[PDB]
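Numbering (the numbering used here), first residue to last: 2 to 129.
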Ligand SMILES: [Ca+2]
Ligand SMILES: [Ca+2]
Ligand SMILES: [Ca+2]
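See below:
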């Protein structure tokens, strides 16, 4: 399947929980950051909002169950949406597929480890 189905969503409902503390469905740079700080790095709130800005379609400072998954839908034949964002979330795609799924976002949640970088595909390091 090359599209998100009730299955994938049903699978994402989990991967999300991992990032969802109150399990409300909406994640805030605060909570999201709380996940990173646990990973290894410690992104600043203002530094997170930067990442939450992209995921944010309106800038409410919240990631909807649709948006979050959108980060994976971003991919598409024609480039009618920021695809450079998929480069940052590529860390999850160690198989270098260019696309990440729920089982991948949930598998990464654990697969995480110091041995991780955003230079996976990103030709040039955003932060030279
Ligand atoms: Ca949450
Ligand atoms: Ca939003
Ligand atoms: Ca993949």
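Every residue gets a Cβ at the ideal spot worked out from N, C-alpha and C, and that includes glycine.
Asked: Residue ranges of each alpha helix (DSSP H) within the stretch 37-87, 4 or longer; Found: 46-56, 66-74
Asked: Local conformation of residue 10 per DSSP, three classes; Found: helix
Asked: Own chain residues within Cβ distance below 7 Å of residue 44, not counting five before or after; Found: 34, 37
Asked: Length of the line joining the Cα atoms of residue 2 and residue 86; Found: 22 Å
Asked: Residues that DSSP places opposite residue 113 in a beta bridge; Found: Looking at the DSSP assignment, residue 113 forms no beta bridge with any residue, so it has no partner.
Asked: One or two residues paired with residue 28 in a DSSP bridge; Found: 64
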